[PDB]
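K.L.:
Chains from the complex, first installment, not repositioned:
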Amino acid sequence: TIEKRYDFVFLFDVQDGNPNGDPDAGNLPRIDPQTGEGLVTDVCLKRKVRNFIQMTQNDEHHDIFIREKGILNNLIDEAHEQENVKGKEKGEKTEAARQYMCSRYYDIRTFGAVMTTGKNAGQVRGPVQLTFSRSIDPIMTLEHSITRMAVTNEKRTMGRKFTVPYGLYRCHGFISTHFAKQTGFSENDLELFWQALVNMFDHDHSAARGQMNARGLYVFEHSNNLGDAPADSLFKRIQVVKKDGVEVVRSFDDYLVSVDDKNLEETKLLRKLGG
């Protein structure tokens, strides 16, 4: 049960590869169709964090609820098949089953989870809550046309491996104390989350995404669990832009990350983790 209320901004980069390939557009990195800015949806980082937990926690009280080969209802009923919830009647059972998972499935603790699948098991708003990342600058999906030399079936197969030459993606992630009360999102679970966000992509590499790194984790620790001031101001204090000269972004060096910690005398401790 964390106490402060956290509003962090995440700066990660996609050197070469799909940040979050849109299944609507082949594997195209999701680009905001208006801006050409890339979008690495909530769920993308969320799942990579889940992967990181899977990769570095591997125990109860920290399992993930959305695993790579997971029938959700099997987990859900595993919850329902818990004495703590077995003897509950109906409504309590729901709210108790949730408790069980929010005592085990770190993802459900950290982020949300829609547990209405089998034997219904409640919902968690999700103490942590990563909004969409956006690429600060329109990215240039590079359409990299690759060929597999071994045809898949009884038949030289064309294929695409969409990458982006570079994208500084800015997430705005939200960790509300009040929800943390109702999900038991411990301080320790939060520190695991921080280890994730700093190290998540370092631990989640794939051909389609290639080099993706965490740049900055500029966290604002709202002193009051009540928001010490609109997080909008907090994030706008983390102003990240092109260095004036560059018009074709290709590195984090092609960006500047201006933190604005001068005026935070309201004690929103600006923890610096990435940058």
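P.N.:
All right, it came through fine. Residues are numbered from 1 along each chain as shown, chains lettered A, B, ... in the order given.
K.L.:
Could you check how far residue A:267 is from residue A:129?
P.N.:
Distance from residue A:267 to residue A:129, counting by Cβ to Cβ, to the nearest Å: 22 Å. Backbone N, C-alpha and C define where each C-beta goes, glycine included.
K.L.:
These two - which one has more neighbours?
P.N.:
Set side by side, residue A:267 and residue A:129 show more neighbours around residue A:129, with 18 against 11, by other Cβ atoms under 10 Å.
K.L.:
Is the more buried one in contact with residue A:110, as I believe?
P.N.:
No. The pair residue A:129 / residue A:110 is not scored as a contact, 9.2 Å apart, by Cβ atoms under 8 Å.
K.L.:
Pull out the CA atoms of stretch A:35-42 and give them to me as PDB.
P.N.:
Listed in PDB are the C-alpha atoms of stretch A:35-42, where the atom choice follows Å, rounded to 0.1, in the frame of the first residue of the first chain:
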ATOM      1  CA  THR A  35       0.600  13.700 -36.400                       C
ATOM      2  CA  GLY A  36       2.600  10.800 -37.800                       C
ATOM      3  CA  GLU A  37       3.700  10.500 -34.200                       C
ATOM      4  CA  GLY A  38       4.100   6.900 -33.000                       C
ATOM      5  CA  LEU A  39       2.000   5.300 -30.400                       C
ATOM      6  CA  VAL A  40       3.200   2.600 -28.100                       C
ATOM      7  CA  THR A  41      -0.100   1.800 -26.400                       C
ATOM      8  CA  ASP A  42      -0.600   1.400 -22.700                       C
END
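K.L.:
Identify the residues contacting it?
P.N.:
The set of residues that contact stretch A:35-42 without belonging to it, under Cβ atoms under 8 Å, 6 or more residues apart in numbering, is A:12, A:14, A:19-20, A:29-32, A:129-139, A:164, A:167, A:169, A:171.
K.L.:
Check stretch A:176-183 too.
P.N.:
Stretch A:176-183 is touched from outside by A:1-5, A:102, A:108-109, A:124-127, A:129, A:185, A:225, with contacts defined as Cβ under 8 Å, 6+ apart.
K.L.:
Chain B should join the structure above:
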Amino acid sequence: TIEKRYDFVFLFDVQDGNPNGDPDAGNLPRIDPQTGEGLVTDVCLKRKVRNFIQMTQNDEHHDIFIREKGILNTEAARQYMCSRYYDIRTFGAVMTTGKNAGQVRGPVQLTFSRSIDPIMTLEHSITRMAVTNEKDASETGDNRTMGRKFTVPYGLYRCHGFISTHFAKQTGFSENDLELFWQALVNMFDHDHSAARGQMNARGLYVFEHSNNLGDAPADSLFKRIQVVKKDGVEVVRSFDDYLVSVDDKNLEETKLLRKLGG
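P.N.:
Okay, chain B now, added to the rest:
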């Protein structure tokens, strides 16, 4: 109680999340059909306020009674609860037993917060690396749970509201209660986050604090005094800075006070 009716405008934006999806239309952010202006039902703001009050005050004389299971876990009795559940007095209430057929009209009437300029929902089709049930969904070929996460790339929403002091008196809605209401309408989104809603912010709470209880000036013209519009440059909105928030407090002095709580 408050003595002077507060009209007000609420400038709040959706960074990249769902403002509030049509339970008609799957979950796409509410959309004015013939304009493309994003709606966000006042009801939605009212809910976020209720949530905020539940997530901040957490004490007697400040409960909600219209709470969420997901958040925290005759006129004499009517007045008891108006003093009791903050949402009773603040937004109103309807009692199973009450004078005006149960009405507890309550001060803070709000409005369907339109967008300033049409939003363009971004329907990020998303996958689940697990699947709900070991069934046709659990296809061995793949986990074709092409979940959608309809979102707005950005949208400025203009929630009018009309805290009417007479109902504050009729419900004991206090000056402190209304200060709480403003501070809620500001820090609310900060306290209300969710995968669907992404990041959502209060871009300014322009409170036309009148002076006379019955009022001071025609509300509509007042809300005209908060003219927000795209900067001429941007034909596509990507953030708050694309919008410009002009505040006309020139003839305001008549008897009003344009408190700029939000910014």
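K.L.:
With chain B now part of the structure, what is the answer for the contacts of stretch A:176-183?
P.N.:
By Cβ atoms under 8 Å, 6 or more residues apart in numbering or on different chains, the list of residues contacting stretch A:176-183 from outside reads A:1-5, A:102, A:108-109, A:124-127, A:129, A:185, A:225, B:54-56, B:70-73, B:191, B:193.
K.L.:
ditto for stretch A:206-213
P.N.:
Contacts of stretch A:206-213 with the rest of the structure, by Cβ under 8 Å, 6+ apart, involve A:12-19, A:21, A:27, A:161-163, A:201-202, A:204-205, A:252.
K.L.:
Just the buried ones from these?
P.N.:
Neighbour counting by 16 or more other Cβ atoms under 10 Å in any protein chain shown classes A:12-15, A:17-19, A:21, A:27, A:161-163, A:201, A:204, A:252 among these as buried.
K.L.:
Report the two of those separated the most.
P.N.:
The most widely separated members of the buried ones among the contacts of stretch A:206-213, counting by Cβ to Cβ, are A:27 and A:252 (24.2 Å).
K.L.:
tell me which parts of the stretch 151-275 of chain A are close to chain B?
P.N.:
In this structure, the stretch 151-275 of chain A approaches chain B at residues A:172, A:174, A:176, A:178-179, A:181-182, A:225-227, A:229-232, A:235, judged by Cβ under 8 Å from any Cβ of the partner chain.
K.L.:
change it to 6 Å
P.N.:
Among all residues of the stretch 151-275 of chain A, those adjacent to chain B (criterion: Cβ under 6 Å from any Cβ of the partner chain) are A:172, A:174, A:178, A:182, A:226, A:227, A:230, A:231, A:232.
K.L.:
Most neighbours among these, which one?
P.N.:
The member of these that has the most neighbours, counting by other Cβ atoms under 10 Å in any protein chain shown, is residue A:231 with 29 neighbours.
K.L.:
which SSE is the residue nearest to that one when sequence neighbours are not counted in?
P.N.:
Take residue A:231 and drop its neighbours on the chain: the residue closest to it by Cβ to Cβ, 6 or more residues apart in numbering or on different chains is residue A:7, 3.9 Å away. In this structure, residue A:7 is located in strand A:5-16 according to DSSP states H and E.
K.L.:
Beyond that strand, next helix or strand please.
P.N.:
Going down the chain from strand A:5-16, the next helix or strand is strand A:39-40, by DSSP H and E.
K.L.:
tack on chain C:
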Amino acid sequence: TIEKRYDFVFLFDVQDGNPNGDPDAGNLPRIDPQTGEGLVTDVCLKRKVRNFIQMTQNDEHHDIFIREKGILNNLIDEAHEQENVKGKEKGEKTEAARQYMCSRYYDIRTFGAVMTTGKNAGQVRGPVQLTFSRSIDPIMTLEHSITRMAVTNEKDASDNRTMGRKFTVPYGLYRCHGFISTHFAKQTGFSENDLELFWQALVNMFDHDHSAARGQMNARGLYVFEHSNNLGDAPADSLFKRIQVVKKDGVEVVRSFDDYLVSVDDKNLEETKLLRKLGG
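P.N.:
Chain C added:
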């Protein structure tokens, strides 16, 4: 299985060859249009590695699953034969298929594949993923034209005017970034032995793939940061940007590895990381 997570930069210079065609663009090397930088797709680099493994290990426990004429479905089904026909039933059949193919196909333990095409044999992410690989400095594809001294078919037979194009790169010190994922190595058993075979792959891989178009690639460097913890002791990016490759000050055209300076910094990054240099 891999003990320590590995993040490595692999500096390889095409010198007068086509490093990786772009079937999008004729056959000319993948040039990053918005920056004119050159690109060997990690599939292409990995495939040179696969080729090298075909070339050396040539046995079971090291097959390649993408052999020149291999019919992917048949290798998959052969997996669905070995002992998982009934050893596993319907759901763990796929997983045991993964485990088999990794036990046999060096490529799969190495880069994995989508094995759910035919008889679904699982998916493997690939413990040693390679970044899509870039050029430090823009390549300028020469686009050599080359004729036909004898024409293919009698129809075009009538000089011969059927000039082919042998695109090359005058030079480019293509940097690549490795990501060896211990926490995923366990998922396929890509082992330290298989790893050292991968290192010989990166060092000797171009030396064992010499085609017409590749010109004369070489593995200029293989700097590796060995994460002491399987957890990343540092983010991969700090590691990598520590390996700096620049134009030497005095040159504006690019010709050689001597043309670029390759600073292998290891001053303090060696907290628990190791920077050990197989390339040079």
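K.L.:
What about the contacts of stretch A:206-213 again, now that chain C is present?
P.N.:
Contacts to stretch A:206-213, defined as Cβ atoms under 6 Å, 6 or more residues apart in numbering or on different chains, come from residues A:13-18, A:201, C:125, C:129, C:131-132, C:177, C:235-237.
K.L.:
how far off helix B:42-56 does the strand holding residue A:7 point, in degrees?
P.N.:
120 degrees (axes from the mean of the first three to the mean of the last three Cα atoms, to 10 degrees).
K.L.:
and strand A:5-16 with chain C, contact?
P.N.:
Yes. Using Cβ under 6 Å from any Cβ, we find that strand A:5-16 touches chain C at residue A:16.
K.L.:
Show me what that strand is packed up against.
P.N.:
Using 3 or more Cβ pairs under 6 Å, 6 or more residues apart in numbering or on different chains; DSSP states H and E as the contact criterion, the secondary-structure elements in contact with strand A:5-16 are strand A:167-175, strand A:211-222, helix A:231-237.
K.L.:
Quick one: distance of it to the chain centre.
P.N.:
When C-alpha coordinates are averaged (Cα atoms, centre = their mean, to the nearest Å), strand A:5-16 and its chain have centres 9 Å apart.
K.L.:
Which residue, other than its chain neighbours, is closest to residue A:47?
P.N.:
In space, residue A:47 comes closest to residue B:129 once its chain neighbours are excluded; the distance is 6.2 Å by Cβ to Cβ, 6+ apart.
K.L.:
how near is the one you found to chain C?
P.N.:
10 Å (Cβ to the nearest Cβ, to the nearest Å).
K.L.:
quick one on the thing from earlier: strand partners (parallel or antiparallel) of the strand holding residue A:7?
P.N.:
For strand A:5-16, the pairing partners within the sheet under DSSP bridges are strand A:167-175 (antiparallel), strand A:211-222 (antiparallel).
K.L.:
Highest mean neighbour count out of these?
P.N.:
Across those, the average number of neighbours (mean count of other Cβ atoms under 10 Å in any protein chain shown) peaks for strand A:167-175, which reaches a mean of 26.
K.L.:
Show residues contacting that strand.
P.N.:
In contact with strand A:167-175 (Cβ under 6 Å, 6+ apart) are residues A:6-14, A:38, A:40, A:127-131, A:133-136, A:139, A:235, A:255, B:193, B:199.
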